[PDB]
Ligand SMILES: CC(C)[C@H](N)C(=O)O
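We begin with a single chain expressed as structure tokens, specifically the form deposited without ligand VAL.
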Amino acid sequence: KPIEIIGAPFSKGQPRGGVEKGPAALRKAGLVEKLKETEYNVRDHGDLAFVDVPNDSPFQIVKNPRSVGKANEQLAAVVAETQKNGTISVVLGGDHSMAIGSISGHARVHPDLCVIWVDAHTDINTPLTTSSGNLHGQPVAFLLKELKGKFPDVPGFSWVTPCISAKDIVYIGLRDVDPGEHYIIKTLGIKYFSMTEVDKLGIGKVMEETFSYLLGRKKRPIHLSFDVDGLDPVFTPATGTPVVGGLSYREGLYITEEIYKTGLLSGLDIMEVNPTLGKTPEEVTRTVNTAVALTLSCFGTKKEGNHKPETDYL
């Protein structure tokens, strides 16, 4: 099967600045040429060009509503499209808000897909519950069925069609959940493994459950939405939402690693990688590199080593 890399230099989900420089920093780090070396075929679709909706008045709290809406509309399209041609979609963020289009597009071509969301946050706050109007913290809401109608209609997000239900998604990493967000997830009984779960079970066990829970019955495609801030800041320091006590490098890789072995990786999102947010070059480097790492992991690089089939190295 083939891979399709899609840039998503967007940053209006987050109030900060620099995440759009994400895909570029990733590419820069050799992400493609590297992916190239795996047993997958690679094509760099480039970075979507985003048209900034002039005069994007805040729809209440929600800021840059239309700017984001249109942004995601394009992406969901490009994604859906390449998904249609059976290529696995890899989106390079850009902030997590772009998630909406990535999943939406995907859903179209693969509606039975499930979602593995790795992040310190749920990003499931609704236009109402957000304490900011930052959409990079409301992705799961627009995509969620159960949350349909449960909030007004934001300008530009008219095209979104809740494409998944709480029994289709699993969180991993959570450690900073807003009262609303918590309520919402505890109410809709959404399966997750906050750091406490992980601490109690061990990444290993966590994956097992995560997998049998989302794939026990039907073996549907898997959409991995990996928020860089999900790993402790000690590995993914360059982000806008750093939270202490998060997934270790090793844990993070184990996840991407196990998900590779499932052979069901259909869609991937590498988000919140914000180059400008680095106390030192190192940090920014460190981040990106693990970012790249995770990515290759998802695609077969194994901590246990790799060799080319049908080839006697002796």
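One rule holds for the numbers: they count along the sequence shown, beginning at 1.
One more form of this protein exists, namely the form deposited with ligand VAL bound; it is left out here, but the text below deals with it.
- Partner contact region in the deposited bound form: 129 to 137, out of 129 to 137, 76 to 84, 142 to 150, 196 to 204, criterion any non-hydrogen atom within 4.5 Å of ligand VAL.
- Contact with ligand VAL in the deposited bound form, judged by any heavy atom within 4.5 Å, is made by just one of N125, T236, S89, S225: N125.
- Interface membership of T241, defined by any non-hydrogen atom within 4.5 Å of ligand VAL in the deposited bound form, is confirmed.
- Put simply, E208 is far from ligand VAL in the deposited bound form: not one heavy atom of it is within 4.5 Å.
- In the deposited bound form, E181 approaches ligand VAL with a heavy atom inside 4.5 Å.
- Proximity of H121 to ligand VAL in the deposited bound form: non-hydrogen atoms within 4.5 Å are present.
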